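**Q** Below is my_file_17.txt; it holds compact mmCIF, C-alpha atoms and all ligand atoms.
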# COMPACT_ATOMS: atom_id res chain seq x y z
CA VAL A 1 0.00 0.00 0.00
CA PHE A 2 1.66 3.18 -1.28
CA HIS A 3 1.98 6.46 0.60
CA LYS A 4 -0.92 8.71 -0.37
CA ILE A 5 0.11 12.08 -1.77
CA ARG A 6 -2.40 14.91 -1.92
CA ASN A 7 -3.19 16.56 -5.21
CA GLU A 8 -2.55 19.87 -3.43
CA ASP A 9 1.12 18.92 -2.99
CA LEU A 10 1.65 18.07 -6.70
CA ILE A 11 2.65 20.69 -9.24
CA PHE A 12 2.62 19.70 -12.93
CA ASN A 13 5.23 21.56 -14.97
CA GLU A 14 5.94 19.76 -18.24
CA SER A 15 4.10 17.27 -20.47
CA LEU A 16 6.73 14.76 -21.48
CA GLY A 17 4.88 12.17 -23.56
CA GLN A 18 2.98 8.92 -23.18
CA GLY A 19 3.54 5.37 -22.18
CA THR A 20 1.11 2.49 -22.71
CA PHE A 21 -2.22 4.02 -21.70
CA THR A 22 -0.38 6.55 -19.53
CA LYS A 23 0.42 10.25 -19.73
CA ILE A 24 3.81 11.36 -18.40
CA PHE A 25 4.76 14.64 -16.75
CA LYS A 26 7.61 16.33 -14.95
CA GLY A 27 6.53 18.10 -11.77
CA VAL A 28 7.24 18.87 -8.16
CA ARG A 29 6.04 17.31 -4.92
CA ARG A 30 5.90 19.50 -1.81
CA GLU A 31 6.72 17.40 1.22
CA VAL A 32 8.03 17.31 4.77
CA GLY A 33 11.36 15.45 4.66
CA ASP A 34 14.12 14.34 6.99
CA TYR A 35 14.45 16.47 10.14
CA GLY A 36 11.13 18.07 9.27
CA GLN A 37 12.59 20.17 6.43
CA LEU A 38 10.11 21.34 3.78
CA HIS A 39 11.19 20.22 0.31
CA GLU A 40 10.05 20.74 -3.29
CA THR A 41 11.16 17.46 -4.86
CA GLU A 42 11.28 16.96 -8.65
CA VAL A 43 9.06 14.03 -9.60
CA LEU A 44 8.08 12.00 -12.65
CA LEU A 45 4.30 11.65 -12.76
CA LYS A 46 2.53 8.82 -14.59
CA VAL A 47 -1.20 9.46 -15.05
CA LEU A 48 -3.84 6.77 -15.68
CA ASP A 49 -7.50 7.41 -16.54
CA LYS A 50 -9.61 5.81 -13.82
CA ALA A 51 -12.20 4.92 -16.47
CA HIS A 52 -9.67 2.35 -17.75
CA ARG A 53 -10.20 0.48 -14.53
CA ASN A 54 -8.58 -2.83 -15.52
CA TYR A 55 -5.47 -1.06 -16.85
CA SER A 56 -5.19 1.16 -13.79
CA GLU A 57 -5.51 -1.69 -11.35
CA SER A 58 -2.89 -3.75 -13.20
CA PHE A 59 -0.53 -0.76 -13.41
CA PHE A 60 -0.68 0.13 -9.74
CA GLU A 61 -0.68 -3.40 -8.42
CA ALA A 62 2.53 -3.97 -10.43
CA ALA A 63 4.17 -0.76 -9.20
CA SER A 64 3.15 -1.54 -5.61
CA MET A 65 4.39 -5.12 -5.59
CA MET A 66 7.76 -4.07 -7.00
CA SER A 67 8.07 -1.08 -4.67
CA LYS A 68 7.69 -3.46 -1.71
CA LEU A 69 11.11 -4.83 -2.77
CA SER A 70 13.52 -1.99 -2.12
CA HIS A 71 16.76 -2.37 -4.12
CA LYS A 72 19.51 0.02 -5.31
CA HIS A 73 18.72 -0.81 -8.97
CA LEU A 74 14.88 -0.55 -8.75
CA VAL A 75 13.21 2.84 -9.23
CA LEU A 76 11.88 4.67 -6.22
CA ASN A 77 8.18 5.38 -6.25
CA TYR A 78 7.24 7.93 -3.60
CA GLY A 79 3.55 7.09 -3.61
CA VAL A 80 0.29 7.64 -5.44
CA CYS A 81 -2.34 10.33 -5.80
CA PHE A 82 -5.89 8.99 -6.07
CA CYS A 83 -6.46 12.20 -7.94
CA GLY A 84 -10.15 12.44 -8.83
CA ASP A 85 -10.84 10.83 -12.21
CA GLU A 86 -7.14 9.88 -12.51
CA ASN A 87 -4.70 7.80 -10.47
CA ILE A 88 -1.14 9.13 -10.54
CA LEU A 89 2.13 7.35 -9.76
CA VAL A 90 4.64 9.72 -8.17
CA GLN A 91 8.12 8.52 -9.09
CA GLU A 92 11.59 9.85 -8.51
CA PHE A 93 12.81 12.07 -11.36
CA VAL A 94 15.94 10.40 -12.78
CA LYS A 95 18.38 13.01 -14.02
CA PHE A 96 19.49 11.45 -17.33
CA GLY A 97 16.26 9.60 -18.16
CA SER A 98 15.77 6.57 -20.39
CA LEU A 99 18.87 4.79 -21.59
CA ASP A 100 17.77 4.42 -25.22
CA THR A 101 17.33 8.19 -25.56
CA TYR A 102 20.60 8.78 -23.72
CA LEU A 103 22.54 6.54 -26.09
CA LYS A 104 21.04 8.29 -29.12
CA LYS A 105 21.76 11.75 -27.68
CA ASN A 106 25.36 10.68 -27.12
CA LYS A 107 25.53 9.26 -30.65
CA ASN A 108 26.61 5.87 -29.34
CA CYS A 109 29.99 7.32 -28.30
CA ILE A 110 30.05 4.89 -25.43
CA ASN A 111 32.57 2.11 -25.01
CA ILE A 112 31.83 -1.57 -24.58
CA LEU A 113 32.96 -1.53 -20.95
CA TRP A 114 30.30 1.10 -20.13
CA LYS A 115 27.70 -1.09 -21.81
CA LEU A 116 28.95 -4.14 -19.90
CA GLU A 117 28.64 -2.29 -16.60
CA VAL A 118 25.05 -1.28 -17.33
CA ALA A 119 24.23 -4.88 -18.37
CA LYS A 120 25.70 -6.18 -15.10
CA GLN A 121 23.59 -3.73 -13.07
CA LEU A 122 20.42 -4.68 -14.91
CA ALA A 123 21.27 -8.38 -14.45
CA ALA A 124 21.74 -7.73 -10.72
CA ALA A 125 18.29 -6.17 -10.52
CA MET A 126 16.77 -9.06 -12.47
CA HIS A 127 18.47 -11.65 -10.24
CA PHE A 128 16.98 -9.93 -7.21
CA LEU A 129 13.52 -10.03 -8.87
CA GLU A 130 14.07 -13.71 -9.83
CA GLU A 131 14.96 -14.62 -6.21
CA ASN A 132 11.74 -12.86 -5.18
CA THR A 133 9.77 -14.64 -7.95
CA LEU A 134 8.51 -11.27 -9.18
CA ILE A 135 7.86 -11.00 -12.92
CA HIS A 136 8.51 -7.55 -14.36
CA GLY A 137 7.16 -8.12 -17.86
CA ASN A 138 8.30 -4.84 -19.51
CA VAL A 139 12.12 -4.95 -19.55
CA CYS A 140 13.40 -2.68 -22.32
CA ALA A 141 16.03 0.04 -22.70
CA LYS A 142 13.44 2.82 -22.30
CA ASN A 143 12.81 1.42 -18.80
CA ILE A 144 16.49 1.55 -17.89
CA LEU A 145 16.89 4.90 -16.11
CA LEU A 146 20.34 6.54 -15.90
CA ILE A 147 20.85 8.04 -12.44
CA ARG A 148 24.46 9.10 -12.96
CA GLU A 149 26.91 9.30 -15.84
CA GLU A 150 30.35 7.72 -15.68
CA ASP A 151 33.00 9.85 -13.92
CA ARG A 152 36.40 9.02 -15.41
CA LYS A 153 38.31 10.91 -12.69
CA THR A 154 36.98 8.77 -9.83
CA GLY A 155 36.42 5.66 -11.93
CA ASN A 156 32.75 5.61 -10.91
CA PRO A 157 30.68 3.79 -13.54
CA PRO A 158 27.30 4.87 -14.84
CA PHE A 159 24.49 3.83 -12.46
CA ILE A 160 21.04 2.65 -13.58
CA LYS A 161 17.69 1.64 -12.21
CA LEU A 162 14.88 -0.41 -13.71
CA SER A 163 11.53 1.34 -14.02
CA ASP A 164 8.10 0.22 -12.86
CA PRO A 165 6.38 -2.62 -14.72
CA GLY A 166 3.38 -0.77 -16.18
CA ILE A 167 0.23 -2.54 -17.29
CA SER A 168 0.62 -6.33 -17.45
CA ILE A 169 0.79 -7.99 -20.85
CA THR A 170 -1.86 -10.38 -19.50
CA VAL A 171 -4.26 -7.39 -19.64
CA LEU A 172 -3.07 -5.45 -22.70
CA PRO A 173 -4.59 -5.75 -26.18
CA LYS A 174 -2.98 -8.27 -28.52
CA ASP A 175 -2.12 -5.50 -30.98
CA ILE A 176 -0.01 -3.83 -28.29
CA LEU A 177 1.82 -7.09 -27.55
CA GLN A 178 2.59 -7.54 -31.23
CA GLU A 179 3.91 -3.99 -31.48
CA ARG A 180 6.13 -4.94 -28.54
CA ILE A 181 7.78 -7.79 -30.48
CA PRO A 182 10.72 -8.65 -29.99
CA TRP A 183 10.51 -7.63 -26.27
CA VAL A 184 7.40 -9.74 -25.66
CA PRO A 185 8.55 -13.36 -26.09
CA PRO A 186 7.04 -15.79 -28.59
CA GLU A 187 5.18 -17.82 -25.96
CA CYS A 188 3.28 -14.71 -24.83
CA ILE A 189 2.38 -13.88 -28.43
CA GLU A 190 0.95 -17.42 -28.56
CA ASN A 191 -0.88 -16.96 -25.25
CA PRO A 192 -0.41 -14.04 -22.81
CA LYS A 193 -1.09 -16.46 -19.93
CA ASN A 194 2.38 -17.92 -20.63
CA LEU A 195 3.81 -14.89 -18.80
CA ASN A 196 6.52 -16.30 -16.53
CA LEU A 197 9.88 -15.39 -15.04
CA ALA A 198 11.24 -16.77 -18.30
CA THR A 199 9.62 -13.82 -20.09
CA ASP A 200 12.08 -11.44 -18.45
CA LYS A 201 15.09 -13.43 -19.61
CA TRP A 202 13.98 -13.05 -23.22
CA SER A 203 13.28 -9.31 -22.84
CA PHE A 204 16.61 -8.88 -21.06
CA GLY A 205 18.25 -10.23 -24.23
CA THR A 206 16.32 -7.72 -26.37
CA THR A 207 17.37 -4.95 -23.99
CA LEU A 208 21.02 -5.91 -24.22
CA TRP A 209 20.66 -5.75 -28.01
CA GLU A 210 19.29 -2.21 -27.67
CA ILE A 211 22.18 -1.18 -25.39
CA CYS A 212 24.70 -2.64 -27.83
CA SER A 213 22.97 -0.96 -30.79
CA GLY A 214 23.15 2.62 -29.44
CA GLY A 215 19.41 2.86 -28.73
CA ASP A 216 18.23 1.52 -32.06
CA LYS A 217 14.99 -0.44 -31.94
CA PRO A 218 15.29 -4.02 -33.23
CA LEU A 219 12.94 -4.90 -36.09
CA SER A 220 11.85 -1.27 -36.40
CA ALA A 221 11.47 -1.78 -40.19
CA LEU A 222 8.91 -4.58 -39.64
CA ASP A 223 5.22 -3.91 -39.14
CA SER A 224 3.29 -6.17 -36.80
CA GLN A 225 2.64 -8.74 -39.52
CA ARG A 226 6.31 -9.03 -40.46
CA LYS A 227 7.09 -9.29 -36.70
CA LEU A 228 4.73 -12.29 -36.46
CA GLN A 229 6.49 -13.92 -39.42
CA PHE A 230 9.77 -13.21 -37.65
CA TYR A 231 8.67 -15.45 -34.77
CA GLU A 232 7.00 -17.99 -37.11
CA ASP A 233 10.27 -18.55 -38.99
CA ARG A 234 12.10 -18.61 -35.63
CA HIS A 235 14.57 -15.92 -36.56
CA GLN A 236 17.05 -14.44 -34.11
CA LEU A 237 18.07 -10.82 -34.03
CA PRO A 238 21.18 -9.83 -35.97
CA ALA A 239 24.32 -9.49 -33.96
CA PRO A 240 24.44 -5.89 -32.73
CA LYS A 241 27.05 -3.41 -33.90
CA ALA A 242 29.03 -4.02 -30.71
CA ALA A 243 29.02 -7.79 -31.01
CA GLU A 244 30.68 -8.73 -27.68
CA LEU A 245 27.30 -9.62 -26.12
CA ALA A 246 25.75 -11.27 -29.21
CA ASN A 247 26.12 -14.80 -27.83
CA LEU A 248 24.50 -13.79 -24.54
CA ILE A 249 21.65 -12.05 -26.37
CA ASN A 250 20.96 -15.18 -28.41
CA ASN A 251 21.22 -17.46 -25.34
CA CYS A 252 18.65 -15.34 -23.49
CA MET A 253 16.32 -15.06 -26.53
CA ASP A 254 15.82 -18.81 -26.58
CA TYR A 255 12.58 -19.88 -28.22
CA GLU A 256 12.34 -22.56 -25.53
CA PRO A 257 11.44 -20.65 -22.33
CA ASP A 258 12.68 -23.35 -20.01
CA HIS A 259 16.17 -23.23 -21.55
CA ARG A 260 16.75 -19.55 -20.90
CA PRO A 261 19.59 -19.20 -18.35
CA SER A 262 19.15 -18.05 -14.79
CA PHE A 263 20.20 -14.51 -13.94
CA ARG A 264 22.94 -15.96 -11.72
CA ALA A 265 24.26 -17.70 -14.82
CA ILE A 266 23.87 -14.54 -16.89
CA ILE A 267 25.85 -12.59 -14.31
CA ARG A 268 28.64 -15.17 -14.32
CA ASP A 269 28.75 -14.93 -18.11
CA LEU A 270 28.91 -11.13 -18.02
CA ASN A 271 31.67 -11.28 -15.37
CA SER A 272 33.66 -13.67 -17.60
CA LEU A 273 33.87 -11.37 -20.61
CA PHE A 274 37.37 -9.93 -21.02
CA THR A 275 38.84 -12.61 -18.73
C1 LIG B 1 14.25 14.65 -21.06
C2 LIG B 1 14.10 13.82 -19.78
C3 LIG B 1 15.17 13.64 -18.93
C4 LIG B 1 15.06 12.89 -17.76
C5 LIG B 1 13.84 12.30 -17.44
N1 LIG B 1 13.65 11.53 -16.26
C6 LIG B 1 12.98 10.38 -16.08
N2 LIG B 1 12.74 10.00 -14.82
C7 LIG B 1 12.03 8.83 -14.74
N3 LIG B 1 11.75 8.42 -13.48
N4 LIG B 1 11.64 8.01 -15.80
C8 LIG B 1 12.00 8.51 -16.99
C9 LIG B 1 11.64 7.60 -18.16
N5 LIG B 1 10.39 6.88 -17.98
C10 LIG B 1 10.33 5.78 -19.04
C11 LIG B 1 9.21 7.81 -18.16
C12 LIG B 1 9.12 8.50 -19.46
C13 LIG B 1 8.43 8.04 -20.54
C14 LIG B 1 8.47 8.91 -21.59
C15 LIG B 1 9.22 10.01 -21.29
BR1 LIG B 1 9.50 11.42 -22.48
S1 LIG B 1 9.84 10.04 -19.73
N6 LIG B 1 12.63 9.67 -17.23
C16 LIG B 1 12.75 12.46 -18.28
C17 LIG B 1 12.89 13.23 -19.46
Rewrite the structure of this file - the entire thing - as structure tokens.

**A**
Amino acid sequence: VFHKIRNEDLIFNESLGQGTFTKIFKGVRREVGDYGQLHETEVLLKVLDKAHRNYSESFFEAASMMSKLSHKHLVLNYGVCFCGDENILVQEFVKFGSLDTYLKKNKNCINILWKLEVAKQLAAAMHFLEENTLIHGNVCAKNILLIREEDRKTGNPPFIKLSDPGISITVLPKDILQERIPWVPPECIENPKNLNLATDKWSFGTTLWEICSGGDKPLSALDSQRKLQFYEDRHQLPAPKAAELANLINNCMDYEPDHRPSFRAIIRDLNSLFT
């Protein structure tokens, strides 16, 4: 059960765009913080129409269950505003935003070791979720949030978090799942009830492809029908431009869900690259 935030303490400043049946804003939350200090905290606001009751309930149940598992690589949600005809998730505002946009804005002038570090951090988050048997179901590079850039002087690496899960693919329209190929795995295209921890291993592979491809979207040239044929003919993605993780990508994007490796195994594989 999330902390309730009053509409009166939320200021909406910028309209940023949309997610899946959500509207996204930058704003400020007025709050009493540590030592009783009054703060105006920057927040990322995700707004759902309460008339889409099934979507809203799925969205907030997913955010709540994940926010019960505090972890350094899982986004902080401050709470929720049951805000009239809308329900609003109040999330921390991450300074550098989504990783796919970041990589594009930096023109993929990012070395493989940076990419490896981000993959290790995501894998650490996913291992924690796996140990907690919590399915995320929407792993993608847009949901990797960059808290801090690398600092070459100190040797500090970039630092990421994984965003909230959003509406479950067990509730979303089939057309949305197909648009989300190749993040949504083939078994969930066949039947969304096949959602399983194995789903996240597949999507982790697709996410690593995105990271290695500078924020390109795999299969962007394919409409939904060509994306179905992609899975029918059992194709794999092409090796990304930075090919060091291509084997891992393909091992995670296994058409047999039960064969996808555990996140402990994935981490050991990541740790073994470059001796
Ligand atoms: C330009 C800029 C810079 C930083 C941030 N900060 C941020 N903080 C959080 N917590 N999450 C996100 C990304 N998630 C996927 C929500 C969004 C979906 C669509 C958009 Br557009 S933002 N961005 C946002 C915009």

**Q** Measuring atom to atom with only C-alpha atoms, identify which of A:114, A:58, A:48, A:255 is nearest to residue 156 (chain A).

**A**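 The closest residue to residue 156 (chain A) is A:114.
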
**Q** Identify which of the residues A:146, A:270, A:169, A:69 lies closest to ligand LIG 1 (chain B), counting all atoms listed in the file when measuring atom-to-atom distances.

**A**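 Using all atoms listed in the file, ligand LIG 1 (chain B) sits closest to A:146.
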
**Q** With 4 Å added on each side, what axis-aligned box encloses every listed atom of ligand LIG 1 (chain B)? Give the centre and edge lengths in Å to one decimal, as lines of an AutoDock Vina configuration file.

**A**
center_x = 11.8
center_y = 10.2
center_z = -18.0
size_x = 14.7
size_y = 16.9
size_z = 17.0

**Q** So what do you get for CA of residue 136 (chain A) versus CA of residue 84 (chain A), distance-wise?

**A** 27.9 Å

**Q** Let me have all residues with an atom within 8 Å of ligand LIG 1 (chain B), counting all atoms listed in the file, laid out as a PyMOL selection string.

**A** chain A and resi 16-19+24-26+43-44+46+75+91-98+142-145+163

**Q** For residue 271 (chain A), please output as number ranges by chain all residues within 10 Å (counting only C-alpha atoms; exclusion window: fewer than 3 positions along the same chain).

**A** A: 116-117, 120, 265-268, 274-275

**Q** List every protein, DNA or RNA residue with an atom no more than 12 Å from (5.9, -5.2, -36.9) in the file's coordinates, counting only C-alpha atoms, and format the result as a list in words.

**A**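 Residues with an atom at most 12 Å from (5.9, -5.2, -36.9): residues 175, 176, 177, 178, 179, 180, 181, 182, 183, 217, 218, 219, 220, 221, 222, 223, 224, 225, 226, 227, 228, 229, 230 and 231 of chain A.
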
**Q** Would you work out the distance separating CA of residue 66 (chain A) from CA of residue 135 (chain A), expressed in Å to one decimal?

**A**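 Spanning CA of residue 66 (chain A) to CA of residue 135 (chain A) is a straight-line distance of 9.1 Å.
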
**Q** Rank A:141, A:1, A:253, A:243 by their smallest atom-to-atom distance to residue 67 (chain A), using all atoms listed in the file, and report the top residue only.

**A**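 The answer is A:1, which sits nearest to residue 67 (chain A).
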
**Q** For N, CA, C and O atoms, please extract region 23-44 of chain A from the block and return it as a PDB file, in the first residue's frame.

**A**
ATOM      1  N   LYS A  23      -0.098   8.950 -19.357  1.00  0.00           N
ATOM      2  CA  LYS A  23       0.418  10.253 -19.732  1.00  0.00           C
ATOM      3  C   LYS A  23       1.480  10.648 -18.703  1.00  0.00           C
ATOM      4  O   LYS A  23       1.278  10.454 -17.513  1.00  0.00           O
ATOM      5  N   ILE A  24       2.579  11.182 -19.201  1.00  0.00           N
ATOM      6  CA  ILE A  24       3.806  11.358 -18.404  1.00  0.00           C
ATOM      7  C   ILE A  24       4.113  12.852 -18.254  1.00  0.00           C
ATOM      8  O   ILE A  24       4.168  13.594 -19.252  1.00  0.00           O
ATOM      9  N   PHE A  25       4.425  13.258 -17.025  1.00  0.00           N
ATOM     10  CA  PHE A  25       4.760  14.637 -16.749  1.00  0.00           C
ATOM     11  C   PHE A  25       5.974  14.737 -15.844  1.00  0.00           C
ATOM     12  O   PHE A  25       6.273  13.831 -15.070  1.00  0.00           O
ATOM     13  N   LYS A  26       6.669  15.874 -15.971  1.00  0.00           N
ATOM     14  CA  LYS A  26       7.613  16.329 -14.951  1.00  0.00           C
ATOM     15  C   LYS A  26       6.891  17.297 -14.014  1.00  0.00           C
ATOM     16  O   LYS A  26       6.148  18.173 -14.476  1.00  0.00           O
ATOM     17  N   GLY A  27       7.128  17.186 -12.719  1.00  0.00           N
ATOM     18  CA  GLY A  27       6.531  18.100 -11.775  1.00  0.00           C
ATOM     19  C   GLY A  27       7.296  18.143 -10.472  1.00  0.00           C
ATOM     20  O   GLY A  27       8.490  17.819 -10.417  1.00  0.00           O
ATOM     21  N   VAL A  28       6.639  18.686  -9.465  1.00  0.00           N
ATOM     22  CA  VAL A  28       7.239  18.867  -8.155  1.00  0.00           C
ATOM     23  C   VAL A  28       6.267  18.359  -7.124  1.00  0.00           C
ATOM     24  O   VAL A  28       5.048  18.543  -7.259  1.00  0.00           O
ATOM     25  N   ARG A  29       6.792  17.703  -6.090  1.00  0.00           N
ATOM     26  CA  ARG A  29       6.040  17.314  -4.923  1.00  0.00           C
ATOM     27  C   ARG A  29       6.518  18.161  -3.740  1.00  0.00           C
ATOM     28  O   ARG A  29       7.718  18.233  -3.462  1.00  0.00           O
ATOM     29  N   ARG A  30       5.581  18.798  -3.047  1.00  0.00           N
ATOM     30  CA  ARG A  30       5.902  19.500  -1.805  1.00  0.00           C
ATOM     31  C   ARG A  30       5.735  18.513  -0.659  1.00  0.00           C
ATOM     32  O   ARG A  30       4.750  17.803  -0.604  1.00  0.00           O
ATOM     33  N   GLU A  31       6.758  18.401   0.183  1.00  0.00           N
ATOM     34  CA  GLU A  31       6.720  17.403   1.224  1.00  0.00           C
ATOM     35  C   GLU A  31       7.532  17.841   2.438  1.00  0.00           C
ATOM     36  O   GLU A  31       8.445  18.653   2.342  1.00  0.00           O
ATOM     37  N   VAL A  32       7.191  17.257   3.582  1.00  0.00           N
ATOM     38  CA  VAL A  32       8.034  17.310   4.773  1.00  0.00           C
ATOM     39  C   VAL A  32       9.014  16.145   4.721  1.00  0.00           C
ATOM     40  O   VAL A  32       8.594  14.983   4.682  1.00  0.00           O
ATOM     41  N   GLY A  33      10.314  16.443   4.745  1.00  0.00           N
ATOM     42  CA  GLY A  33      11.356  15.448   4.655  1.00  0.00           C
ATOM     43  C   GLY A  33      12.101  15.223   5.956  1.00  0.00           C
ATOM     44  O   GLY A  33      11.624  15.577   7.041  1.00  0.00           O
ATOM     45  N   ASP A  34      13.300  14.658   5.835  1.00  0.00           N
ATOM     46  CA  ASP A  34      14.124  14.337   6.991  1.00  0.00           C
ATOM     47  C   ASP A  34      14.331  15.583   7.856  1.00  0.00           C
ATOM     48  O   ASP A  34      14.602  16.688   7.356  1.00  0.00           O
ATOM     49  N   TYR A  35      14.243  15.396   9.173  1.00  0.00           N
ATOM     50  CA  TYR A  35      14.448  16.471  10.141  1.00  0.00           C
ATOM     51  C   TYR A  35      13.357  17.506  10.072  1.00  0.00           C
ATOM     52  O   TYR A  35      13.501  18.609  10.630  1.00  0.00           O
ATOM     53  N   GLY A  36      12.257  17.182   9.426  1.00  0.00           N
ATOM     54  CA  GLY A  36      11.135  18.066   9.273  1.00  0.00           C
ATOM     55  C   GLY A  36      11.310  19.187   8.255  1.00  0.00           C
ATOM     56  O   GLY A  36      10.485  20.096   8.214  1.00  0.00           O
ATOM     57  N   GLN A  37      12.360  19.138   7.431  1.00  0.00           N
ATOM     58  CA  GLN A  37      12.588  20.170   6.431  1.00  0.00           C
ATOM     59  C   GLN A  37      11.525  20.102   5.335  1.00  0.00           C
ATOM     60  O   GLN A  37      11.169  19.024   4.881  1.00  0.00           O
ATOM     61  N   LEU A  38      11.025  21.272   4.908  1.00  0.00           N
ATOM     62  CA  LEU A  38      10.109  21.344   3.776  1.00  0.00           C
ATOM     63  C   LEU A  38      10.878  21.320   2.463  1.00  0.00           C
ATOM     64  O   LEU A  38      11.777  22.142   2.247  1.00  0.00           O
ATOM     65  N   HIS A  39      10.499  20.398   1.574  1.00  0.00           N
ATOM     66  CA  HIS A  39      11.193  20.216   0.308  1.00  0.00           C
ATOM     67  C   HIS A  39      10.202  20.349  -0.841  1.00  0.00           C
ATOM     68  O   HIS A  39       9.007  20.105  -0.680  1.00  0.00           O
ATOM     69  N   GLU A  40      10.732  20.782  -1.989  1.00  0.00           N
ATOM     70  CA  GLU A  40      10.048  20.739  -3.290  1.00  0.00           C
ATOM     71  C   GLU A  40      10.881  19.778  -4.147  1.00  0.00           C
ATOM     72  O   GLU A  40      11.960  20.120  -4.638  1.00  0.00           O
ATOM     73  N   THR A  41      10.408  18.543  -4.233  1.00  0.00           N
ATOM     74  CA  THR A  41      11.159  17.463  -4.865  1.00  0.00           C
ATOM     75  C   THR A  41      10.689  17.283  -6.316  1.00  0.00           C
ATOM     76  O   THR A  41       9.486  17.139  -6.557  1.00  0.00           O
ATOM     77  N   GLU A  42      11.644  17.261  -7.259  1.00  0.00           N
ATOM     78  CA  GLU A  42      11.285  16.958  -8.647  1.00  0.00           C
ATOM     79  C   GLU A  42      10.772  15.529  -8.715  1.00  0.00           C
ATOM     80  O   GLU A  42      11.349  14.612  -8.117  1.00  0.00           O
ATOM     81  N   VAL A  43       9.698  15.319  -9.470  1.00  0.00           N
ATOM     82  CA  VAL A  43       9.056  14.028  -9.599  1.00  0.00           C
ATOM     83  C   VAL A  43       8.666  13.772 -11.055  1.00  0.00           C
ATOM     84  O   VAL A  43       8.470  14.684 -11.847  1.00  0.00           O
ATOM     85  N   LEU A  44       8.627  12.513 -11.406  1.00  0.00           N
ATOM     86  CA  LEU A  44       8.077  11.998 -12.655  1.00  0.00           C
ATOM     87  C   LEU A  44       6.696  11.446 -12.345  1.00  0.00           C
ATOM     88  O   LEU A  44       6.539  10.590 -11.467  1.00  0.00           O
TER      89      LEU A  44
END
